[PDB]
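Engineer: Structure file final.cif, mmCIF, C-alpha atoms, is pasted below:
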```cif
data_input
#
loop_
_atom_site.group_PDB
_atom_site.id
_atom_site.type_symbol
_atom_site.label_atom_id
_atom_site.label_comp_id
_atom_site.auth_asym_id
_atom_site.auth_seq_id
_atom_site.Cartn_x
_atom_site.Cartn_y
_atom_site.Cartn_z
ATOM 1 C CA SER A 1 105.848 109.222 93.627
ATOM 2 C CA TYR A 2 104.662 105.722 92.778
ATOM 3 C CA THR A 3 106.165 102.578 94.030
ATOM 4 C CA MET A 4 106.383 99.366 92.077
ATOM 5 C CA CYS A 5 103.429 97.042 91.937
ATOM 6 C CA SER A 6 103.521 94.017 94.285
ATOM 7 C CA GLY A 7 100.752 92.168 92.516
ATOM 8 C CA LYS A 8 100.103 89.815 89.644
ATOM 9 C CA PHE A 9 99.891 90.638 85.979
ATOM 10 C CA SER A 10 98.301 88.610 83.246
ATOM 11 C CA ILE A 11 98.715 88.865 79.491
ATOM 12 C CA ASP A 12 95.976 90.816 77.812
ATOM 13 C CA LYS A 13 97.331 90.921 74.307
ATOM 14 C CA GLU A 14 100.105 88.605 73.127
ATOM 15 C CA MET A 15 103.416 90.219 72.287
ATOM 16 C CA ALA A 16 103.702 91.255 68.679
ATOM 17 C CA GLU A 17 105.825 93.265 66.318
ATOM 18 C CA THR A 18 104.726 96.679 65.134
ATOM 19 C CA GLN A 19 105.033 98.380 61.784
ATOM 20 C CA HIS A 20 108.161 100.009 63.131
ATOM 21 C CA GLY A 21 110.950 98.063 64.712
ATOM 22 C CA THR A 22 109.064 97.694 67.881
ATOM 23 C CA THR A 23 107.418 95.279 70.247
ATOM 24 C CA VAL A 24 104.146 95.744 72.035
ATOM 25 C CA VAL A 25 102.533 93.787 74.769
ATOM 26 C CA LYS A 26 99.457 94.380 76.836
ATOM 27 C CA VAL A 27 99.020 93.284 80.395
ATOM 28 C CA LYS A 28 96.226 93.531 82.838
ATOM 29 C CA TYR A 29 96.910 94.205 86.490
ATOM 30 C CA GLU A 30 95.290 91.922 88.958
ATOM 31 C CA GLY A 31 96.886 93.131 92.182
ATOM 32 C CA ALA A 32 96.471 96.001 94.559
ATOM 33 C CA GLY A 33 98.079 99.333 95.423
ATOM 34 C CA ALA A 34 97.410 100.913 92.033
ATOM 35 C CA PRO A 35 98.221 103.348 90.725
ATOM 36 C CA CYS A 36 101.579 101.843 90.742
ATOM 37 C CA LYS A 37 104.476 101.172 88.406
ATOM 38 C CA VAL A 38 104.770 98.180 86.201
ATOM 39 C CA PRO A 39 108.028 96.439 87.010
ATOM 40 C CA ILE A 40 109.852 95.739 83.863
ATOM 41 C CA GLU A 41 113.253 94.270 83.311
ATOM 42 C CA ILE A 42 114.849 93.448 80.016
ATOM 43 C CA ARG A 43 117.694 90.962 80.211
ATOM 44 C CA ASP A 44 120.227 89.673 77.692
ATOM 45 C CA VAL A 45 121.270 86.044 77.021
ATOM 46 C CA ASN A 46 123.556 86.078 79.981
ATOM 47 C CA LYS A 47 121.497 87.162 82.900
ATOM 48 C CA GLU A 48 122.218 90.850 82.427
ATOM 49 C CA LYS A 49 120.020 93.988 82.592
ATOM 50 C CA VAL A 50 119.623 95.962 79.480
ATOM 51 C CA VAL A 51 118.732 99.580 79.964
ATOM 52 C CA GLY A 52 117.131 102.259 77.879
ATOM 53 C CA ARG A 53 115.131 99.832 75.896
ATOM 54 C CA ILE A 54 111.779 100.898 77.097
ATOM 55 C CA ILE A 55 109.761 103.076 74.652
ATOM 56 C CA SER A 56 106.645 103.588 76.652
ATOM 57 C CA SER A 57 106.581 106.330 79.007
ATOM 58 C CA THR A 58 107.113 105.252 82.423
ATOM 59 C CA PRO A 59 104.731 102.535 82.532
ATOM 60 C CA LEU A 60 101.782 102.304 85.135
ATOM 61 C CA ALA A 61 98.952 100.120 86.265
ATOM 62 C CA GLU A 62 96.289 102.734 86.940
ATOM 63 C CA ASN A 63 93.823 100.455 88.751
ATOM 64 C CA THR A 64 92.962 96.904 89.592
ATOM 65 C CA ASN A 65 91.807 95.478 86.275
ATOM 66 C CA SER A 66 93.388 98.263 84.279
ATOM 67 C CA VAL A 67 95.291 97.582 81.107
ATOM 68 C CA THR A 68 98.819 98.692 80.335
ATOM 69 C CA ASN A 69 100.456 98.984 76.943
ATOM 70 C CA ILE A 70 104.168 98.350 76.891
ATOM 71 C CA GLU A 71 106.290 99.085 73.916
ATOM 72 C CA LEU A 72 109.902 98.047 73.893
ATOM 73 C CA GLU A 73 112.766 98.002 71.512
ATOM 74 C CA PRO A 74 114.387 94.711 72.194
ATOM 75 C CA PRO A 75 118.103 94.506 71.833
ATOM 76 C CA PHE A 76 119.780 92.361 69.292
ATOM 77 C CA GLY A 77 119.981 88.691 70.046
ATOM 78 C CA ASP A 78 117.968 86.816 72.583
ATOM 79 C CA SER A 79 116.199 88.815 75.188
ATOM 80 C CA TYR A 80 113.909 88.183 78.117
ATOM 81 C CA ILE A 81 111.286 90.486 79.431
ATOM 82 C CA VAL A 82 110.311 90.211 83.053
ATOM 83 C CA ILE A 83 107.102 91.783 84.131
ATOM 84 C CA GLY A 84 106.134 91.911 87.741
ATOM 85 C CA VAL A 85 107.582 90.421 90.843
ATOM 86 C CA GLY A 86 107.526 87.215 92.746
ATOM 87 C CA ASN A 87 106.390 83.831 91.666
ATOM 88 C CA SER A 88 103.619 85.553 89.744
ATOM 89 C CA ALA A 89 105.961 87.346 87.369
ATOM 90 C CA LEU A 90 105.651 86.857 83.649
ATOM 91 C CA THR A 91 108.876 86.060 81.846
ATOM 92 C CA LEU A 92 108.814 86.780 78.118
ATOM 93 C CA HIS A 93 111.287 86.098 75.270
ATOM 94 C CA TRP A 94 112.163 87.816 72.029
ATOM 95 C CA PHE A 95 114.628 87.267 69.233
ATOM 96 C CA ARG A 96 116.058 89.899 67.066
ATOM 97 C CA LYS A 97 118.291 88.952 64.116
ATOM 98 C CA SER B 1 117.035 83.885 87.512
ATOM 99 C CA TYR B 2 115.251 84.838 90.659
ATOM 100 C CA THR B 3 112.541 87.420 90.506
ATOM 101 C CA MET B 4 112.216 90.451 92.594
ATOM 102 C CA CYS B 5 110.513 90.171 95.866
ATOM 103 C CA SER B 6 106.963 90.954 96.269
ATOM 104 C CA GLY B 7 107.063 91.134 100.025
ATOM 105 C CA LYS B 8 107.679 93.586 102.838
ATOM 106 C CA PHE B 9 111.044 94.620 104.216
ATOM 107 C CA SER B 10 112.078 95.966 107.605
ATOM 108 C CA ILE B 11 115.311 97.578 108.805
ATOM 109 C CA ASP B 12 117.620 95.350 110.764
ATOM 110 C CA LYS B 13 120.343 97.976 111.082
ATOM 111 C CA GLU B 14 120.077 101.535 109.802
ATOM 112 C CA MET B 15 122.280 102.839 107.037
ATOM 113 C CA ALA B 16 125.766 103.785 108.164
ATOM 114 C CA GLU B 17 128.877 105.291 106.611
ATOM 115 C CA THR B 18 132.020 103.245 105.874
ATOM 116 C CA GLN B 19 135.703 103.936 106.182
ATOM 117 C CA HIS B 20 135.766 103.976 102.390
ATOM 118 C CA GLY B 21 133.207 105.922 100.519
ATOM 119 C CA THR B 22 130.072 103.957 101.108
ATOM 120 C CA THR B 23 127.117 103.165 103.303
ATOM 121 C CA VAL B 24 125.757 99.878 104.463
ATOM 122 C CA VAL B 25 122.299 98.737 105.493
ATOM 123 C CA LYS B 26 120.800 95.509 106.677
ATOM 124 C CA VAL B 27 117.233 94.695 105.873
ATOM 125 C CA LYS B 28 115.076 91.810 106.841
ATOM 126 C CA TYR B 29 112.572 90.343 104.426
ATOM 127 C CA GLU B 30 109.244 89.523 105.993
ATOM 128 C CA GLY B 31 107.716 88.258 102.788
ATOM 129 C CA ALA B 32 107.367 84.986 100.966
ATOM 130 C CA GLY B 33 108.748 83.712 97.699
ATOM 131 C CA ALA B 34 112.367 83.545 98.757
ATOM 132 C CA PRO B 35 114.906 83.205 97.418
ATOM 133 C CA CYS B 36 114.261 86.508 95.744
ATOM 134 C CA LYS B 37 116.173 89.614 94.719
ATOM 135 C CA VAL B 38 115.859 92.632 96.924
ATOM 136 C CA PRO B 39 114.336 95.469 94.970
ATOM 137 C CA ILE B 40 116.597 98.475 95.267
ATOM 138 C CA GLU B 41 116.417 101.849 93.627
ATOM 139 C CA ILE B 42 118.676 104.766 94.303
ATOM 140 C CA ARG B 43 117.287 108.190 93.578
ATOM 141 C CA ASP B 44 118.659 111.729 93.683
ATOM 142 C CA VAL B 45 117.533 115.019 95.241
ATOM 143 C CA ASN B 46 115.247 115.480 92.361
ATOM 144 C CA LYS B 47 113.869 112.010 92.964
ATOM 145 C CA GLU B 48 115.434 110.850 89.771
ATOM 146 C CA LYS B 49 116.927 107.390 89.274
ATOM 147 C CA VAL B 50 120.661 107.223 89.553
ATOM 148 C CA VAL B 51 122.524 104.337 88.187
ATOM 149 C CA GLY B 52 125.618 102.385 89.162
ATOM 150 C CA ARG B 53 125.613 102.859 92.865
ATOM 151 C CA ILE B 54 124.953 99.436 94.241
ATOM 152 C CA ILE B 55 128.211 97.931 95.381
ATOM 153 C CA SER B 56 127.067 94.564 96.629
ATOM 154 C CA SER B 57 126.427 92.051 93.977
ATOM 155 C CA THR B 58 122.776 91.641 93.470
ATOM 156 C CA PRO B 59 121.389 91.487 96.981
ATOM 157 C CA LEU B 60 119.157 88.605 97.859
ATOM 158 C CA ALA B 61 116.807 87.491 100.467
ATOM 159 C CA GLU B 62 117.551 83.820 100.735
ATOM 160 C CA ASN B 63 114.754 82.910 103.136
ATOM 161 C CA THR B 64 111.837 84.365 104.877
ATOM 162 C CA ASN B 65 113.224 86.408 107.661
ATOM 163 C CA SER B 66 116.636 86.300 106.139
ATOM 164 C CA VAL B 67 118.741 89.325 106.874
ATOM 165 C CA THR B 68 120.651 91.092 104.293
ATOM 166 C CA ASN B 69 123.387 93.322 103.677
ATOM 167 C CA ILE B 70 123.469 96.076 101.141
ATOM 168 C CA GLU B 71 126.420 98.232 100.301
ATOM 169 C CA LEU B 72 125.751 101.253 98.196
ATOM 170 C CA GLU B 73 127.591 104.265 96.948
ATOM 171 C CA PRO B 74 125.252 107.174 97.672
ATOM 172 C CA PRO B 75 125.424 110.191 95.468
ATOM 173 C CA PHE B 76 126.835 113.297 97.007
ATOM 174 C CA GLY B 77 124.074 115.360 98.454
ATOM 175 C CA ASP B 78 120.578 114.191 99.286
ATOM 176 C CA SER B 79 119.525 110.838 98.041
ATOM 177 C CA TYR B 80 116.797 108.339 98.479
ATOM 178 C CA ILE B 81 116.987 104.615 98.702
ATOM 179 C CA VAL B 82 113.771 102.746 98.026
ATOM 180 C CA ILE B 83 113.750 99.140 99.106
ATOM 181 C CA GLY B 84 110.968 96.840 98.066
ATOM 182 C CA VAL B 85 107.748 97.046 96.143
ATOM 183 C CA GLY B 86 104.277 98.251 96.718
ATOM 184 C CA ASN B 87 102.744 100.210 99.491
ATOM 185 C CA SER B 88 105.032 98.599 101.976
ATOM 186 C CA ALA B 89 108.321 99.636 100.385
ATOM 187 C CA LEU B 90 110.804 101.406 102.652
ATOM 188 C CA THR B 91 111.996 104.870 101.696
ATOM 189 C CA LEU B 92 115.377 105.958 103.048
ATOM 190 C CA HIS B 93 117.080 109.307 102.939
ATOM 191 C CA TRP B 94 120.752 109.769 102.957
ATOM 192 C CA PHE B 95 122.806 112.879 102.910
ATOM 193 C CA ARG B 96 126.385 112.797 101.778
ATOM 194 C CA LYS B 97 128.575 115.762 102.688
#
```
Represent the structure of the file as structure tokens.

Structural biologist:
Amino acid sequence: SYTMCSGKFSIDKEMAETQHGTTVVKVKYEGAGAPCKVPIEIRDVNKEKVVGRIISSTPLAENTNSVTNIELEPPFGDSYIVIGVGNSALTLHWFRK
Amino acid sequence: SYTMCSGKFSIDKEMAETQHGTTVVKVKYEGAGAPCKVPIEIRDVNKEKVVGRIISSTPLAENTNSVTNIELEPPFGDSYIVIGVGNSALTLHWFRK
């Protein structure tokens, strides 16, 4: 249906907590082959994948220069959010008490 | 850790059944940014993501042109293995009697 985006993402709005438990971040897609899927991995303190943690519906870069809203529910402890692929990828961090 | 590849993959040796209950494939990475983790998704007949079926510990492409070996446990029935990102990602069908 869609494959995962090859290209670069930049941060459009800095990650912030919502009124509910949640975290939101906005990214802008700079690459090609859109529409395509935003690659998102959430990892724990060890290097491990955490599933089921993504609130936003199946998240997509519609176009080059489109903007995607990603809402997550980070797990307890330290977590890292990896957006995109390659050297270009953005690696984010969150702490939940 | 390493990020997922961004580059193109080709098929070094097509997927084949094992003596045990698995298949194996070799893919060659023609992209840059290695070392990088081979992006692998296993999907079902409904094209839905199926989890827990990658046998090999997280497959890597060490270098450009490096060849790789992936051992997977395909679901019974029709399944689809998507390797890589973007327009250039390989899509593979397997059928398990």

Engineer: Under the rule that only C-alpha atoms are counted, which of A:10, A:79, A:56, A:46 is the nearest residue to residue 28 (chain A)?

Structural biologist: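 Among A:10, A:79, A:56, A:46, it is A:10 that comes nearest to residue 28 (chain A).
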
Engineer: Pick the closest to residue 8 (chain A) from A:33, A:84, A:75, A:52: which is it, counting only C-alpha atoms?

Structural biologist: A:84

Engineer: Pairing the C-alpha atoms in order and superposing chain A on chain B, what is the resulting RMSD?

Structural biologist: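 The C-alpha RMSD comes out at 0.6 Å.
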
Engineer: Once the PyMOL selection byres ((chain A) within 10 of (chain B)) has been evaluated on this model, what residues remain selected, and can you format them as an MDAnalysis selection string?

Structural biologist: chainID A and resid 1:8 32:37 39 41 47 82:91

Engineer: List the residues matched by the PyMOL selection byres ((chain A and resi 26) around 7) in the displayed structure as a PDB file with C-alpha atoms, in the frame of the given file, ordered by chain and then by residue number.

Structural biologist:
```
ATOM      1  CA  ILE A  11      98.715  88.865  79.491  1.00  0.00           C
ATOM      2  CA  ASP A  12      95.976  90.816  77.812  1.00  0.00           C
ATOM      3  CA  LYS A  13      97.331  90.921  74.307  1.00  0.00           C
ATOM      4  CA  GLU A  14     100.105  88.605  73.127  1.00  0.00           C
ATOM      5  CA  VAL A  24     104.146  95.744  72.035  1.00  0.00           C
ATOM      6  CA  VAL A  25     102.533  93.787  74.769  1.00  0.00           C
ATOM      7  CA  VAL A  27      99.020  93.284  80.395  1.00  0.00           C
ATOM      8  CA  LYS A  28      96.226  93.531  82.838  1.00  0.00           C
ATOM      9  CA  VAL A  67      95.291  97.582  81.107  1.00  0.00           C
ATOM     10  CA  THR A  68      98.819  98.692  80.335  1.00  0.00           C
ATOM     11  CA  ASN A  69     100.456  98.984  76.943  1.00  0.00           C
ATOM     12  CA  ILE A  70     104.168  98.350  76.891  1.00  0.00           C
TER      13      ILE A  70
END
```

Engineer: Got a sec to resolve the PyMOL selection byres ((chain B and resi 94) around 7) on this structure and send the residues as a list in words?

Structural biologist: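 So the PyMOL selection byres ((chain B and resi 94) around 7), applied here, picks out residues 78, 79, 80, 92, 93, 95 and 96 of chain B.
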
Engineer: Any chance you could build region 7-40 of chain B out to N, CA and C atoms and write it as a PDB file, in the frame of the given file?

Structural biologist:
```pdb
ATOM      1  N   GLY B   7     107.366  90.858  98.644  1.00  0.00           N
ATOM      2  CA  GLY B   7     107.063  91.134 100.025  1.00  0.00           C
ATOM      3  C   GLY B   7     107.669  92.331 100.714  1.00  0.00           C
ATOM      4  N   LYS B   8     107.243  92.518 101.940  1.00  0.00           N
ATOM      5  CA  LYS B   8     107.679  93.586 102.838  1.00  0.00           C
ATOM      6  C   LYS B   8     109.073  93.430 103.430  1.00  0.00           C
ATOM      7  N   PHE B   9     109.736  94.545 103.605  1.00  0.00           N
ATOM      8  CA  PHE B   9     111.044  94.620 104.216  1.00  0.00           C
ATOM      9  C   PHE B   9     111.000  95.489 105.457  1.00  0.00           C
ATOM     10  N   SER B  10     111.845  95.165 106.421  1.00  0.00           N
ATOM     11  CA  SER B  10     112.078  95.966 107.605  1.00  0.00           C
ATOM     12  C   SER B  10     113.584  96.221 107.779  1.00  0.00           C
ATOM     13  N   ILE B  11     113.932  97.190 108.600  1.00  0.00           N
ATOM     14  CA  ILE B  11     115.311  97.578 108.805  1.00  0.00           C
ATOM     15  C   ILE B  11     115.943  96.949 110.020  1.00  0.00           C
ATOM     16  N   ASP B  12     116.804  95.989 109.776  1.00  0.00           N
ATOM     17  CA  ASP B  12     117.620  95.350 110.764  1.00  0.00           C
ATOM     18  C   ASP B  12     118.678  96.245 111.400  1.00  0.00           C
ATOM     19  N   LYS B  13     119.386  97.006 110.593  1.00  0.00           N
ATOM     20  CA  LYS B  13     120.343  97.976 111.082  1.00  0.00           C
ATOM     21  C   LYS B  13     120.343  99.164 110.152  1.00  0.00           C
ATOM     22  N   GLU B  14     120.208 100.373 110.657  1.00  0.00           N
ATOM     23  CA  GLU B  14     120.077 101.535 109.802  1.00  0.00           C
ATOM     24  C   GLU B  14     121.323 101.826 108.991  1.00  0.00           C
ATOM     25  N   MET B  15     121.164 102.546 107.911  1.00  0.00           N
ATOM     26  CA  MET B  15     122.280 102.839 107.037  1.00  0.00           C
ATOM     27  C   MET B  15     123.394 103.607 107.741  1.00  0.00           C
ATOM     28  N   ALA B  16     124.621 103.179 107.523  1.00  0.00           N
ATOM     29  CA  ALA B  16     125.766 103.785 108.164  1.00  0.00           C
ATOM     30  C   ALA B  16     126.935 103.955 107.218  1.00  0.00           C
ATOM     31  N   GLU B  17     127.705 105.009 107.429  1.00  0.00           N
ATOM     32  CA  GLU B  17     128.877 105.291 106.611  1.00  0.00           C
ATOM     33  C   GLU B  17     130.029 104.301 106.811  1.00  0.00           C
ATOM     34  N   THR B  18     130.817 104.063 105.774  1.00  0.00           N
ATOM     35  CA  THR B  18     132.020 103.245 105.874  1.00  0.00           C
ATOM     36  C   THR B  18     133.289 104.046 105.848  1.00  0.00           C
ATOM     37  N   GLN B  19     134.382 103.352 106.122  1.00  0.00           N
ATOM     38  CA  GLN B  19     135.703 103.936 106.182  1.00  0.00           C
ATOM     39  C   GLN B  19     136.066 104.421 104.784  1.00  0.00           C
ATOM     40  N   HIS B  20     135.612 103.673 103.809  1.00  0.00           N
ATOM     41  CA  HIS B  20     135.766 103.976 102.390  1.00  0.00           C
ATOM     42  C   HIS B  20     134.578 104.801 102.057  1.00  0.00           C
ATOM     43  N   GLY B  21     134.300 105.039 100.804  1.00  0.00           N
ATOM     44  CA  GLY B  21     133.207 105.922 100.519  1.00  0.00           C
ATOM     45  C   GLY B  21     131.866 105.300 100.278  1.00  0.00           C
ATOM     46  N   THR B  22     131.361 104.575 101.242  1.00  0.00           N
ATOM     47  CA  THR B  22     130.072 103.957 101.108  1.00  0.00           C
ATOM     48  C   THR B  22     129.246 103.914 102.366  1.00  0.00           C
ATOM     49  N   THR B  23     128.011 103.475 102.219  1.00  0.00           N
ATOM     50  CA  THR B  23     127.117 103.165 103.303  1.00  0.00           C
ATOM     51  C   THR B  23     126.687 101.708 103.259  1.00  0.00           C
ATOM     52  N   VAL B  24     126.226 101.220 104.374  1.00  0.00           N
ATOM     53  CA  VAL B  24     125.757  99.878 104.463  1.00  0.00           C
ATOM     54  C   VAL B  24     124.443  99.910 105.206  1.00  0.00           C
ATOM     55  N   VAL B  25     123.531  99.047 104.789  1.00  0.00           N
ATOM     56  CA  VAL B  25     122.299  98.737 105.493  1.00  0.00           C
ATOM     57  C   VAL B  25     121.995  97.260 105.516  1.00  0.00           C
ATOM     58  N   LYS B  26     121.342  96.833 106.576  1.00  0.00           N
ATOM     59  CA  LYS B  26     120.800  95.509 106.677  1.00  0.00           C
ATOM     60  C   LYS B  26     119.297  95.596 106.724  1.00  0.00           C
ATOM     61  N   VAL B  27     118.666  94.771 105.921  1.00  0.00           N
ATOM     62  CA  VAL B  27     117.233  94.695 105.873  1.00  0.00           C
ATOM     63  C   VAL B  27     116.842  93.268 106.057  1.00  0.00           C
ATOM     64  N   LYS B  28     115.684  93.081 106.642  1.00  0.00           N
ATOM     65  CA  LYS B  28     115.076  91.810 106.841  1.00  0.00           C
ATOM     66  C   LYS B  28     113.831  91.705 105.970  1.00  0.00           C
ATOM     67  N   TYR B  29     113.701  90.601 105.270  1.00  0.00           N
ATOM     68  CA  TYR B  29     112.572  90.343 104.426  1.00  0.00           C
ATOM     69  C   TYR B  29     111.519  89.600 105.188  1.00  0.00           C
ATOM     70  N   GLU B  30     110.333  90.159 105.288  1.00  0.00           N
ATOM     71  CA  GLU B  30     109.244  89.523 105.993  1.00  0.00           C
ATOM     72  C   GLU B  30     108.254  88.832 105.094  1.00  0.00           C
ATOM     73  N   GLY B  31     108.482  88.935 103.808  1.00  0.00           N
ATOM     74  CA  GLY B  31     107.716  88.258 102.788  1.00  0.00           C
ATOM     75  C   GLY B  31     108.029  86.821 102.423  1.00  0.00           C
ATOM     76  N   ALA B  32     107.240  86.311 101.516  1.00  0.00           N
ATOM     77  CA  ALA B  32     107.367  84.986 100.966  1.00  0.00           C
ATOM     78  C   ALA B  32     108.030  85.003  99.613  1.00  0.00           C
ATOM     79  N   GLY B  33     108.134  83.852  98.994  1.00  0.00           N
ATOM     80  CA  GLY B  33     108.748  83.712  97.699  1.00  0.00           C
ATOM     81  C   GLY B  33     110.254  83.782  97.638  1.00  0.00           C
ATOM     82  N   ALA B  34     110.927  83.544  98.739  1.00  0.00           N
ATOM     83  CA  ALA B  34     112.367  83.545  98.757  1.00  0.00           C
ATOM     84  C   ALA B  34     112.932  82.177  98.413  1.00  0.00           C
ATOM     85  N   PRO B  35     114.003  82.108  97.661  1.00  0.00           N
ATOM     86  CA  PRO B  35     114.906  83.205  97.418  1.00  0.00           C
ATOM     87  C   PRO B  35     114.471  84.170  96.364  1.00  0.00           C
ATOM     88  N   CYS B  36     114.684  85.449  96.645  1.00  0.00           N
ATOM     89  CA  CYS B  36     114.261  86.508  95.744  1.00  0.00           C
ATOM     90  C   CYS B  36     115.197  87.700  95.851  1.00  0.00           C
ATOM     91  N   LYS B  37     115.299  88.455  94.765  1.00  0.00           N
ATOM     92  CA  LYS B  37     116.173  89.614  94.719  1.00  0.00           C
ATOM     93  C   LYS B  37     115.596  90.856  95.343  1.00  0.00           C
ATOM     94  N   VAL B  38     116.348  91.470  96.221  1.00  0.00           N
ATOM     95  CA  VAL B  38     115.859  92.632  96.924  1.00  0.00           C
ATOM     96  C   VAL B  38     115.676  93.762  95.938  1.00  0.00           C
ATOM     97  N   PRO B  39     114.513  94.373  95.896  1.00  0.00           N
ATOM     98  CA  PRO B  39     114.336  95.469  94.970  1.00  0.00           C
ATOM     99  C   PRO B  39     114.898  96.748  95.555  1.00  0.00           C
ATOM    100  N   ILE B  40     115.854  97.319  94.845  1.00  0.00           N
ATOM    101  CA  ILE B  40     116.597  98.475  95.267  1.00  0.00           C
ATOM    102  C   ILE B  40     116.666  99.541  94.192  1.00  0.00           C
TER     103      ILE B  40
END
```
